[PDB]
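Both blocks below hold the same protein chain, though in two forms, and each is given as structure tokens: structure 1 and structure 2.
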Structure 1
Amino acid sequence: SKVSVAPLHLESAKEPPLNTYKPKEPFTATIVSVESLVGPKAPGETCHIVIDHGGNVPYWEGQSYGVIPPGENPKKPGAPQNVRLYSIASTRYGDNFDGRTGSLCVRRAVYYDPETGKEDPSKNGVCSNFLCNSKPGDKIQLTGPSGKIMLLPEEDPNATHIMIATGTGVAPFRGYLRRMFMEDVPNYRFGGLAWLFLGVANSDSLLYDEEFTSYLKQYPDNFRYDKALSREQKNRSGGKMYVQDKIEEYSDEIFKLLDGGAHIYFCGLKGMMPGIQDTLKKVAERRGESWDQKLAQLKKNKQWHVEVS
């Protein structure tokens, strides 16, 4: 059944924490673990990082932590590096169910010369490689938390939540779904529908697949899960199978859920959105609806939640 989590006083706050720690005086947290989430055929490396904040940097699901990687700011001699934000992939109780850790889902940003494929360490992403290279006991300069766009609307515990992720965009949804299904949170008993769509490059690039598949078996009447593997699947038109093509497969169900008040969430890199918008426009047109008008209504009704970069 549901996992006991502590301390329940984390449910008492009525507002999310924001900017508890700031860049000039970050919280020095400690790495608990770092593990690759992906198999050898994955085009890139994505890691799961567990960080001990000791209960000093609590957060709500959907927020981000800032990390200040070591070194001097290249564009600002004598200054610390700029904060990089990472979507927290854990619930407020964390992966140890104790309110002392938070987790990140971090894609290594690696540079390859577009012609030769060669590498250059001065051009890899600083913070993503810093994090995925970390080992237990390493210290991390933590700031935040920050962000409110992806806070989970809990007013209606029987709401519908349609979660659209590419790659590390799955992070907030791992936290949402643990809160909805895994953890014993007496003041939030989810009885709605949560529907996760995840687009990645191939099967080896899947993130947390075992956890999500387990929810299908534990909460079959409350959870749905669809995956789009761009390099291993092709869409109805011959294009690579992107998450928007999976959305299109369920277009009638999704549009009806939206009309009924479902929340819809988009998270990941911003390049995911143009194809999604194109598909939604096409779906709307086939149904005889204006996607522009529908989207305006979804935004007005606070059903549309996008955090991409």
Structure 2
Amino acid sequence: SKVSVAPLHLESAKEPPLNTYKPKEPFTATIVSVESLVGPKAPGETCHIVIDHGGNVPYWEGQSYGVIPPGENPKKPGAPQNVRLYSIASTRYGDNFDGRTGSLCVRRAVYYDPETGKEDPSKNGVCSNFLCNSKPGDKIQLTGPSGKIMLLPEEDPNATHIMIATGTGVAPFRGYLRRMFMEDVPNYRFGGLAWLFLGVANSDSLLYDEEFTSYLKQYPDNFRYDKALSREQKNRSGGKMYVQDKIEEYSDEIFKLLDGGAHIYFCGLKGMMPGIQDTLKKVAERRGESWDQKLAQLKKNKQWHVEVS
């Protein structure tokens, strides 16, 4: 049932690759495909981009690629554009299971006048629209990979991993979950609990939902999946349902899991963190615990994984 992947020598590296390519001399990769991930009612367009790196820019799950969009740096004529980082949304084997491609999950940054709603493409995000406008055969300047915070701890193949995403923050977790459940990786046989929480605006904004729903069916004892749709659902207080509200609903079980050594991951919008922190603080304090001290301990034990912006 698990999908054969190749080449298995991608498992041989003892340390993660880092900054194999730098902005001074990027790797010229090639677009394989670009597809919209979302339906018509989604507030923004999010696309899935498959990139052929030919095996020259391997990575581990949870890392990022840098992309240098074309054109001159506007705040520095003569200079190339600044790198934009994107969380890799694929396993190290990639979506074609061959170790030649990696995938990105990209939200089109688009400017609307607050009063007249008029989109203004001159104020749109350069790299995100460059990427989602790409077509098979287009060239892309790649740097990296980079990142260590979101590397998956594999020392315990029965560990618990609590994955908290908003929007494109789901990207590393798509990679984690394929490695845990989809791909035939003989040296990593996951038998723990993986728990994905995903917050998006509405059902049309969900990302990779059919893939995650399939894991529920195939691995009911090892995978849990909870969604917060902020424009379509209300929390117990009658406000918009955010992922912090779903965390609160399970806060007893989550704290028990953390106390037992679970890893917790946060990826996506930085704006989700204050509300999430308040929720965990409330739960720690009811139990008689200092959240400041508990969080410090979680970080010391390497259980606390944050990459937001």
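Take the two forms, superpose them, and find the largest set of C-alpha atoms that agree within 1.5 Å; that set is the rigid core. Reference numbering: structure 1, starting with residue 1.
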## Note on the structure
Shift test between structure 1 and structure 2 (rigid core reference, C-alpha, 2 Å or more cutoff) over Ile68, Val283, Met241, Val50 hits only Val283
### Query
Rigid core superposed, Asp221 Cα shift between structure 1 and structure 2 in Å?
0.6
### Query
If you line up the core, how far does the Cα of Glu115 move between structure 1 and structure 2, in Å?
1.3
### Message
What does the CA of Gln293 shift by between structure 1 and structure 2 after fitting on the core? Give it in Å to one decimal.
### Response
2.2
